[PDB]
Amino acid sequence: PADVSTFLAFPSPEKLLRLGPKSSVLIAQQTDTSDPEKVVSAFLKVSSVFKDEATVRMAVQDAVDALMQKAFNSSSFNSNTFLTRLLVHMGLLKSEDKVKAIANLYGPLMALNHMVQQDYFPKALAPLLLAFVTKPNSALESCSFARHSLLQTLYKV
């Protein structure tokens, strides 16, 4: 058995699955969605364990949906701030504060690919995401497959 804090501290596909069949609800339940920065952190930690394998892919996608639905459905949640901070932590947009960009964008891009296809996703954010995913960047260039996939999906939003 596992717990949410342990998973977030040291993310792994195995720990996500060990959270149980209700892992998606637990991730959202234990995340303070009133804070954009914390939602960005949870989103990236969860997406960091994405693997193109049935059980893991479903677990990551479900977790992202539970988390983002909860965050986006708060009329007070600033979705623009979320997008901005997400881009900063992904190393695609500069910031005034110091942040060490994540090393691998594979999971985050695949998680985003799924997220933008859901009803809870604010379509107004699509153009901004598209702008920064198409913009030149070495991290993205090394994640070509995931990057192309996300862009093709964004064209359909």
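In this text, residue numbers run from 1 along the sequence as written. By rigid core we mean the largest C-alpha set that fits within 1.5 Å across both forms.
A.B. asks: Taking C-alpha RMS after core alignment, which stretch differs more from the shown form in 6 other deposited structures of this protein: 96-104, or 61-69?
C.D. replies: The more displaced stretch in 6 other deposited structures of this protein turns out to be 96-104.
A.B. asks: Out of 83-91 and 70-78, which stretch has the higher average CA B-factor listed in the record?
C.D. replies: Result: 70-78.
A.B. asks: So which stretch wins on mean C-alpha B-factor, 51-59 or 36-44?
C.D. replies: Per the PDB record, 51-59.
A.B. asks: Out of 126, 64, 103, 26, which shows the largest CA B-factor listed in the entry?
C.D. replies: Of 126, 64, 103, 26, 103 has the highest C-alpha B-factor.
A.B. asks: Would the CA B-factor of residue 99 place it in the lowest, middle or highest third of its chain?
C.D. replies: Highest third, going by the recorded CA B-factors of the chain.
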